[PDB]
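Novice: Before I ask anything, here is the structure I am working with.
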Amino acid sequence: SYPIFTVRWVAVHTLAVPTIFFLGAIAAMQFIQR
Amino acid sequence: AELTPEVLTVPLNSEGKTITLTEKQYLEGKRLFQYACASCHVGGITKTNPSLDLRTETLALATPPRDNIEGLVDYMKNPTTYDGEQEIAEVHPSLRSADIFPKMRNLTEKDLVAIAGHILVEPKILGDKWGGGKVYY
Amino acid sequence: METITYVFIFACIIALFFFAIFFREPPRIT
Amino acid sequence: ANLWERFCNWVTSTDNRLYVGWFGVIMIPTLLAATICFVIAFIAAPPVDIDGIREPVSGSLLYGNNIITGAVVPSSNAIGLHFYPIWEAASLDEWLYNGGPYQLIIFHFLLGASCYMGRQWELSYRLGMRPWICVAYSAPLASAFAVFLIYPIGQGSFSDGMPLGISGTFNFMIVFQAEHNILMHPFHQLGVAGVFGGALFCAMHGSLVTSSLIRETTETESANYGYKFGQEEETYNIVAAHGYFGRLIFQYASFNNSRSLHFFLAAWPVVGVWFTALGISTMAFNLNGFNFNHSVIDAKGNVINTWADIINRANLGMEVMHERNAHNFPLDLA
Amino acid sequence: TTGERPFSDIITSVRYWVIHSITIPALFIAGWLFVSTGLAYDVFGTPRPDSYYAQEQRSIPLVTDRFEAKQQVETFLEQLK
Amino acid sequence: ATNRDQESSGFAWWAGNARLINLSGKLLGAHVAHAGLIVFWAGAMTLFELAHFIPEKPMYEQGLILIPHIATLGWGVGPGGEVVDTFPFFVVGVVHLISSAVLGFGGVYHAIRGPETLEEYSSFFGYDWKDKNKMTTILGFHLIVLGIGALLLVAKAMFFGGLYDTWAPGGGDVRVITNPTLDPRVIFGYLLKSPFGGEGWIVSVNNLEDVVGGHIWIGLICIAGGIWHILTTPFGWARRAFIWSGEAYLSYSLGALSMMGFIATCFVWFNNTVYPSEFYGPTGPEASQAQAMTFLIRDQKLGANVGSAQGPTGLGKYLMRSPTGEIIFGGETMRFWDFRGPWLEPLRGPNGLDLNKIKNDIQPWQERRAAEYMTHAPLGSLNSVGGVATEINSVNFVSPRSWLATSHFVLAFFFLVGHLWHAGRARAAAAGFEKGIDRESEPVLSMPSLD
Amino acid sequence: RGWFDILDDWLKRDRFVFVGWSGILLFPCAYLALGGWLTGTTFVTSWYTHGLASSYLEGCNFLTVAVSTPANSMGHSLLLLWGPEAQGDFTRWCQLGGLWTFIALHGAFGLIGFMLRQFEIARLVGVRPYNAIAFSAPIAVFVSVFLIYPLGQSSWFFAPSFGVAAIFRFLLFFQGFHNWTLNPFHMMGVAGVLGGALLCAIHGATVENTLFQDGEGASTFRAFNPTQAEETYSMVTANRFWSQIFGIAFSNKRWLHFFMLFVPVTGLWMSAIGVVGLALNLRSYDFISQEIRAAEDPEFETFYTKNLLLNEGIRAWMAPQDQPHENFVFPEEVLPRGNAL
Ligand code: CLA
Ligand code: CLA
Ligand code: CLA
Ligand code: CLA
Ligand code: CLA
Ligand SMILES: CCCCCCCCCCCCCCCC(=O)OC[C@H](COP(=O)(O)OC[C@@H](O)CO)OC(=O)CCCCCCCCCCCCCCC
Ligand SMILES: CC1=C(/C=C/C(C)=C/C=C/C(C)=C/C=C/C=C(C)/C=C/C=C(C)/C=C/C2=C(C)CCCC2(C)C)C(C)(C)CCC1
Ligand SMILES: CC1=C(/C=C/C(C)=C/C=C/C(C)=C/C=C/C=C(C)/C=C/C=C(C)/C=C/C2=C(C)CCCC2(C)C)C(C)(C)CCC1
Ligand SMILES: CC1=C(/C=C/C(C)=C/C=C/C(C)=C/C=C/C=C(C)/C=C/C=C(C)/C=C/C2=C(C)CCCC2(C)C)C(C)(C)CCC1
Ligand code: OEX
Ligand SMILES: [Cl-]
Ligand SMILES: [Cl-]
Ligand SMILES: [Fe+2]
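Chains as they are written, first to last, in the authors' numbering: chain F, 12 to 45; chain V, 1 to 137; chain T, 1 to 30; chain A, 11 to 344; chain E, 4 to 84; chain C, 23 to 473; chain D, 12 to 352.
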């Protein structure tokens, strides 16, 4: 079988985890009124 | 800073009475001003005549006085020159000439007060940008 | 001297175009 | 063979040093006329009233210019899009005053360059090649058409076309910014992405092939002698270059197909220049770039400036100063 | 060919989506709540729409000193009362 | 799966529509289905423009392109171009949209369920790209359909309500054309005019009589030409000149549509006759001439003698002379002195603008039309912000002339690239070296050296 | 074999993403410069340093978000988090512009690590380090523009701000104040970039249109094998084509691909030298012989004199808001304006 946690796994999640966090934050900004 | 009622307070007539607009009245006056006036009066100036602007200091010196809600509503019903000599309703949008200015047809008395309120509130917020032109962009 | 210098440098480039095209080293299928 | 056959055989002859062809029959006289006129005008042409306000602009070298400031001044603003040849003027002194040489140059030039493009297909057809080389040349040709013809058409005067000079070109760039905000147009951004990426990909492809040249020379002689003209064997190792560039990023962001790789070398810069030519062409009809002036507002109603409003301050500076004496009315509509 | 599991095997397997059916939406909610709660402002000092100027003020609170910069910003933020 | 993979067809998926070159049955389903998409958008966009339509606002302030195309044909408008009945706009949108399902049904059928090749089914509908006799017949049949459509426009102008004439006396109105221009010196006189300023080739047409009379000639020529190609085969000089293949024929139409694309772009940007300013807004030159007109009226009311006012450059601040002597407006608008509009001609005399008519014959309706067109100049941003590039956000307006000209120019350029692409390959495919150079029969290797 | 040679074996392992000794410096530095720009352009403002909104939180879009430079009062300070300005506070560190130096410095060490990565991988594979040498031109641009230019100026304030609309401001600033178009070093840089895009387009299109027929399909991309030993396109036919069309043509494959290396690298290097001169305000702003003539002759006019009037207009209109620390107050009567406009 293949390993689950690799250096490539770390490289992907260093970018993938914050990207969805930001997409959720930016999506909430679209409804902010003055 | 906020849009406080003391900012939304404008003179009602030339005798000292005032009226405090609501926040929805200002936003309604801003929408209708863009619907019927912003083509010539963007930012408080006048593209077809830069010699006359929408500054409150200019509306107070006109004859009759136009620096209040009553004077602005009367102007949108029977507009005149700066000295009030001629009636320019034939070449300026108004309810009297809504036949040739179709964007002035579906306006009501409540709408004119909102448009009159925005003209008197906006210079209190933008300062010299209202009626200043490209110099203050 | 300015106009003469510019035209002189420009004429040398046009003359260089002539020798680089018609008097190039012929490429040969070695 | 009669007269016409041997003449057609020589025109379409593949043994000529410089191939002529039928497209070259028009390209040769048109480009020679525009070239002879340009060199004479760049040196001895008198000042030209470009903006039609009786304010001539000196352009030639004999009238106080250098290589950086000299230019061939465009035609007058009073002429507009009117065809102004030599025989339409009462004298050459009038033809030279109103920008006559400019129309003669850009018309014979655009005609010759169009024939130059068709001439690229013609030689490829006689040699048995694929003919899409001229398609890549359509990108710089459409760019010349945009600043020389398409933009004057949309503005209604050839005086607004790009001048034929170094400092004149800079004037065309600044005025285009104030009147169209080209920097904020996504097509010029695509054009920058084409020329910035092209220079990147040109250095990238060149530094990888040279980094994998098979050893055929020594250290006391140039490595270029390791290749002989017309040899069958490839001069470098594409797998070794793929082995390096496949690890600088990751394996699959690297090309292993030389044909697909070189197709990418031709697609990216050409598609980028195609859009920036359409940018000048679409903005010729005043469909300008993004406008975000006074877009950010606080809770009260104050204007919260951004970098977009700062660009508007720079444009206003170019706006109120360009053609200082040619405007009598508050709005610059063309 | 380096030994890692191919990507097409992962994103098409069920177990990947059994895990990532909630991990992707939960992070989307986390970032959403980071702004809706107002924490995004207080962390980075970003001014609120009603915190750019004082009521009758029209001048930007620009920092004019290098070492006393932390003092002036707090002085500017205190005047919003 | 016939010719649906790269091995059996030779074309990758990004060139997968090229697997239809030798499949007449499936190819017919592609052109009938694409024709359904064209009528689908024509009907859906009209219903979208009608639901968003505000009658008291001008059409150019609402971003309409299809309703102005219908309003020009005299359906639903009254005097001055004012909308009086929005139901004809609804009918055109519904009927076009409803007809798209009929075209869509036959497109889907002929493309997956019908026969793959029409050579088996019928000798009348089956064709060969190298069949020079059959190709001209299909060209003649479609030429007759085009000639009929050109006469359908004439019938609308002469027998069914007429057209909207912006040059009609007393103001724009719907008018029936009774005397179309049959004189060939006037009709074919447009084709021989210069395309430069002051002439303008065919764009300078400024009356419906020259428009309707031209579509009579175009209709008769296509019918006579259609009957010609149906009964005839291409001559020898044409057989040795053109490449006879399916890809070559498409390359001819791409160069033809690209040429027509540039023509429509200049048509909508300069001509205000077949594109009335009441529906599409003032042209580029139109609004620029309106600013000089507006302030000429303003300063003259204040007592300024506009005929003697001298500008800073020495030229007239308000009026000057064209290079040929005609009295024209001053300023930067000297380039736009070729403009002709119904709201400006009353002030024009034998030598150009008449100063006596300027002092005493200016009407209030000419002043309102001058201020409206000035503030509606075809200038705007990509996010639809009206004004110059330095204008602040306030006005939501981009002229439909700018939307139509810029769009059909981008389409005209790419369709010229389609010509250079498909016509170059058609030459290489018919010659037999489009796939590369023969290693054992390289043509250049059999040629003498250049030097 | 000790711990050093054990760690060296693990760093140089053949995995999906190569690490290497350079990765100890490249990956963390490259990750912080990217994450620092993304975090700033989404949440961090520029209201106390420039008086501008520069994030998605305040209401900006992708074209107007930026990580603005520190205020002019900060000077050439490193603006460290633990430094005397921020005093260990992270929020105040963001309000003063500490992200800009956080991105510029960590990004500078990232470009050092990426070029070290090019050296290390090329040695393990067994190829020449020309891609690393060619990468010196991007490094030369970043060093001269983001570091050498502001350090010669008054502060970091006049350095490029990490934003789309902020870079466009940087272009128009160098036009009105430095006349950067007239400098001959930028001209050599323009010729290197446009000439590089020319070589890139003309080489790829020539190869694709001089291919040999190694397959029977219309899509000619499958007619190539990376292990093949024969050239895939006719160098001879391509040589004769461009000799008859253009006059001259390449005849050597190795010189051609080095020529593609020299043109874009030399262009950016020359433009970097000119920017270094701009750090000291050593501009190619004026021609003295032109000004002496125009000062004594009100009828002498060239495109050179017309562009300076645009530069004088650029400076007067944007300086009050672009340089708020100067506290410029320009009345309406001093602003240079043409007629009517
Ligand atoms: C204008 C758009 C258009 C049209 C009309 C066609 C038409 C066609 N394509 Mg092409 N194609 C297009 C665009 C288009 N293409 C584009 C943009 C690409 C690039 C991605 C391709 C790539 C491509 C490839 C690679 C191939 C085709 C092929 C084909 C043909 C057979 C398709 C088939 O068997 O699918 C079968 C598909 C199905 C049975 C799935 C259902 C499809 C139906 C039609 C959907 C209908 C939806 C609609 C709303 C229902 C309406 C109901 C009605 C009552 C109103 C057919 C003539 C093939 C070909 O040449 O055959 C020899 C082929 O191999 N196409
Ligand atoms: C002839 C084509 C044409 C023209 C001139 C217009 C013009 C207009 N439309 Mg319309 N539209 C069209 C086709 C067209 N449309 C089509 C095909 C559709 C179906 C999707 C629509 C659907 C549509 C809707 C739903 C609405 C409009 C609206 C509008 C108005 C505003 C447009 C706008 O803001 O653009 C914004 C500008 C852009 C989005 C930029 C697009 C740039 C394109 C994508 C570049 C493409 C390049 C090239 C073709 C791609 C190939 C490249 C390759 C060769 C390498 C304007 C009057 C609005 C309106 O006013 O309603 C009353 C509106 O609500 N349009
Ligand atoms: C480009 C148009 C076009 C062409 C060339 C064909 C050609 C063909 N189709 Mg197709 N078809 C089309 C459109 C087209 N069709 C459309 C739009 C539909 C949907 C309604 C169909 C539905 C359809 C079916 C269901 C079948 C065919 C079949 C056939 C074949 C025999 C047709 C026959 O015998 O008619 C002979 C002629 C007539 C029956 C008289 C028709 C008279 C018309 C309808 C009157 C109106 C004419 C007028 C010009 C219409 C103007 C339309 C407007 C848009 C301009 C032939 C290969 C058959 C086939 O392939 O069999 C295996 C078959 O079964 N077609
Ligand atoms: C849909 C349009 C169309 C198309 C594609 C064709 C296609 C064809 N026609 Mg036909 N034709 C048509 C409509 C069409 N026809 C109509 C409507 C008529 C009636 C007038 C004719 C009358 C006709 C005749 C009488 C003949 C053809 C012939 C031909 C064939 C050769 C054409 C050729 O070599 O042209 C090449 C064109 C030239 C060599 C002319 C030189 C170009 C001149 C100078 C035109 C100027 C171009 C200029 C740029 C345009 C500016 C505008 C203005 C100056 C005019 C070809 C199959 C011939 C044939 O063999 O058929 C049996 C033939 O003898 N056509
Ligand atoms: C490849 C790794 C790397 C590199 C080269 C840098 C480089 C840098 N970072 Mg960064 N950083 C990194 C990773 C890295 N970072 C990581 C992973 C994080 C997240 C945890 C950060 C978080 C971070 C922040 C938050 C900040 C920096 C800053 C800086 C800059 C100043 C660093 C400094 O002065 O350190 C000084 C310290 C050293 C150089 C260590 C020297 C160690 C030797 C062996 C001495 C040992 C002393 C001995 C043990 C005795 C101890 C002391 C004793 C007497 C009490 C510099 C450009 C600052 C900056 O750019 O401000 C604008 C800043 O504010 N970094
Ligand atoms: C990025 C631009 C891509 C341009 C494509 C141009 C190259 C295409 C030429 C054709 C070659 C053959 C076809 C290949 C095309 C190809 O095969 O694509 C698909 C590719 C291959 O994936 P696998 O091999 O896992 O796919 C399963 C296959 O084995 C089934 O055959 O997928 C990935 O590599 C996805 C990348 C995820 C990456 C996530 C991030 C990982 C961390 C990266 C951190 C890097 C930073 C480095 C520091 C500098
Ligand atoms: C082949 C093919 C293709 C194509 C396809 C197509 C192109 C198709 C078409 C289709 C079509 C094109 C269709 C259409 C349809 C339509 C319809 C179906 C309609 C309906 C309508 C209705 C139902 C309406 C209703 C109404 C009325 C009547 C009144 C008013 C209101 C309303 C609107 C409601 C593709 C690409 C996929 C690929 C593969 C193959
Ligand atoms: C409707 C109308 C009108 C009319 C119109 C007309 C009547 C038209 C016509 C049209 C026409 C009358 C057209 C024609 C065209 C032509 C063309 C466009 C041609 C082309 C050609 C070609 C393309 C050729 C080529 C070639 C060469 C040159 C050499 C050899 C080879 C070839 C053959 C390829 C008017 C304006 C009055 C008014 C409005 C409406
Ligand atoms: C600064 C700092 C730091 C760092 C942090 C980090 C590292 C962060 C990261 C972050 C991140 C890492 C984030 C991310 C984000 C991302 C995003 C937000 C993205 C988005 C995207 C999108 C939106 C897309 C779009 C598109 C395109 C581009 C193309 C086409 C298609 C589409 C449209 C889809 C620390 C703590 C160390 C320390 C302190 C300071
Ligand atoms: O000419 Mn050359 O640049 Ca086109 O805007 Mn108007 O006009 Mn003139 O001013 Mn701005
Ligand atoms: Cl200028
Ligand atoms: Cl003017
Ligand atoms: Fe290559």
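Every residue gets a Cβ at the ideal spot worked out from N, C-alpha and C, and that includes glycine.
Following a CB-centred definition, is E333 (chain A) positioned closer than 7 Å to any heavy atom of ligand 10?
Specialist: Position 323 of the fourth sequence, counted from the first residue, corresponds to residue 333 (chain A). The answer is yes for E333 (chain A).
Novice: Compare the C-beta of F33 (chain F) with all C-beta atoms of chain D and state if any pair is closer than 8 Å.
Specialist: The count along the first sequence starts at 1 and reaches residue 33 (chain F) at position 22. Taking Cβ atoms only, chain D reaches closer than 8 Å to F33 (chain F), which makes this a yes.
Novice: Which residues of chain C have a Cβ atom closer than 9 Å to the Cβ of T24 (chain A), listed in chain order?
Specialist: Position 14 of the fourth sequence holds residue 24 (chain A). Simply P465, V466, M469.
Novice: Check whether the Cβ of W105 (chain A) sits closer than 7 Å to any heavy atom of ligand 1, and report yes or no.
Specialist: Your numbering for residue 105 (chain A) matches position 95 in the fourth sequence. Not so, every heavy atom of ligand 1 lies at least 7 Å from the Cβ.
Novice: Can you check which of these residues, D:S147, D:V276, D:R134, D:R294, is closest to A119 (chain D) by C-alpha distance?
Specialist: Counting from one through the seventh sequence, the residue named residue 119 (chain D) turns up at place 108. The shortest C-alpha separation from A119 (chain D) is found at D:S147.
Novice: Under a three-way DSSP split, which group does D16 (chain D) fall into?
Specialist: Residue mapping note: residue 16 (chain D) aligns to position 5 of the seventh sequence, counting from 1. Helix, per DSSP.
Novice: Could you check where the alpha helix (DSSP H) with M214 (chain A) kicks off and where it finishes?
Specialist: For this step, residue 214 (chain A) is matched to residue 204 along the fourth sequence. Per DSSP, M214 (chain A) belongs to the alpha helix (DSSP H) from 196-219.
Novice: Whose Cβ in chain F lies nearer than 8 Å to the Cβ of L30 (chain E)?
Specialist: The count along the fifth sequence starts at 1 and reaches residue 30 (chain E) at position 27. Those within 8 Å of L30 (chain E) in chain F are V28, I31, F32, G35.
Novice: Just to confirm, are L288 (chain A) and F158 (chain A) a CB contact at a threshold of 8 Å?
Specialist: Position 278 of the fourth sequence, counted from the first residue, corresponds to residue 288 (chain A). Position 148 of the fourth sequence, counted from the first residue, corresponds to residue 158 (chain A). Not a contact, by the Cβ cut-off of 8 Å.
Novice: Which residue wins for smallest C-alpha separation from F155 (chain A), given the options C:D360, C:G128, C:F431?
Specialist: As a first step, residue 155 (chain A) must be located in the fourth sequence, where it is residue number 145. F155 (chain A) has its Cα closest to that of C:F431, out of C:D360, C:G128, C:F431.
Novice: The segment 233-264 of chain A: which residues have C-beta closer than 7 Å to a C-beta of chain T, in chain order?
Specialist: Going along the segment 233-264 of chain A in chain order, one finds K238, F239, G240 with a Cβ nearer than 7 Å to chain T.
Novice: Under the three-state reduction of DSSP, which class applies to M246 (chain D): helix, strand or coil?
Specialist: In the seventh sequence, residue 246 (chain D) corresponds to position 235, counting from 1. The answer is helix: DSSP assigns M246 (chain D) an H, G or I state.
Novice: For my contact list, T397 (chain C) and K47 (chain V) are in at a C-beta cut-off of 8 Å; report their separation, rounded to the angstrom.
Specialist: Walking along the sixth sequence from the start, residue 397 (chain C) turns up at place 375. Walking along the second sequence from the start, residue 47 (chain V) turns up at place 47. Yes, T397 (chain C) and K47 (chain V) are in contact; Cβ-Cβ is about 6 Å, under 8 Å.
Novice: Tell me which same chain residues have a C-beta within less than 8 Å of the C-beta of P195 (chain D), skipping the five on either side of it?
Specialist: Residue numbering aside, residue 195 (chain D) sits at position 184 when the seventh sequence is read from its first letter. Closer than 8 Å at Cβ, skipping near neighbours: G285, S295.
Novice: With DSSP as the reference, identify every bridge partner of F173 (chain D), one or two as the case may be.
Specialist: Along the seventh sequence, read from residue 1 onward, the residue named residue 173 (chain D) stands at position 162. Bridge partners of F173 (chain D): D:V78.
Novice: Under the rule that 16 or more other beta-carbon atoms within 10 Å means buried, what is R423 (chain C), buried or exposed?
Specialist: Position 401 of the sixth sequence, counted from the first residue, corresponds to residue 423 (chain C). It counts as buried.
Novice: By the 10 Å Cβ neighbour count, where 16 or more other Cβ atoms means buried, how is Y131 (chain C) classified, buried or exposed?
Specialist: Numbered from 1 along the sixth sequence, position 109 holds the residue referred to as residue 131 (chain C). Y131 (chain C) should be labelled exposed.
Novice: Taking 8 Å as the threshold (C-beta atoms), are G34 (chain D) and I132 (chain D) in contact?
Specialist: Stepping through the seventh sequence from its first residue, residue 132 (chain D) is reached at position 121. Stepping through the seventh sequence from its first residue, residue 34 (chain D) is reached at position 23. Not a contact, by the Cβ cut-off of 8 Å.
Novice: Within the 8 Å Cβ cut-off, does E269 (chain C) reach chain V?
Specialist: As a working mapping, residue 269 (chain C) is identified with position 247 in the sixth sequence. Cβ-Cβ to chain V under 8 Å: no for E269 (chain C).
Novice: Assuming the contact rule is C-beta atoms closer than 8 Å, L320 (chain D) and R334 (chain A) should be a hit. Round their C-beta distance to whole Å, please.
Specialist: Position 309 of the seventh sequence holds residue 320 (chain D). Position 324 of the fourth sequence holds residue 334 (chain A). Yes, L320 (chain D) and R334 (chain A) are in contact; Cβ-Cβ is about 7 Å, under 8 Å.
Novice: Which residues in chain A sit within 9 Å of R28 (chain T), going by Cβ to Cβ distance?
Specialist: Looking up residue 28 (chain T) in the third sequence gives position 28. The contacting residues are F239, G240.
Novice: Using three-state DSSP, classify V58 (chain A) as helix, strand or coil.
Specialist: Your numbering for residue 58 (chain A) matches position 48 in the fourth sequence. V58 (chain A): strand per DSSP, three-state reduction.
Novice: Do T50 (chain D) and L68 (chain D) have their C-beta atoms closer together than 8 Å?
Specialist: Sequence index remark: in the seventh sequence, residue 50 (chain D) carries index 39 (1-based). Sequence index remark: in the seventh sequence, residue 68 (chain D) carries index 57 (1-based). Result no, Cβ atoms of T50 (chain D) and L68 (chain D) do not sit closer than 8 Å.
Novice: Could you work out which residues of chain D lie near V280 (chain A), taking near to mean beta carbons separated by less than 8 Å?
Specialist: Residue mapping note: residue 280 (chain A) aligns to position 270 of the fourth sequence, counting from 1. Result: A212, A216.
Novice: Quick one: what does DSSP say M199 (chain D) is sitting in, helix, strand or coil?
Specialist: The count along the seventh sequence starts at 1 and reaches residue 199 (chain D) at position 188. Reduced to three states, the DSSP call for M199 (chain D) is helix.
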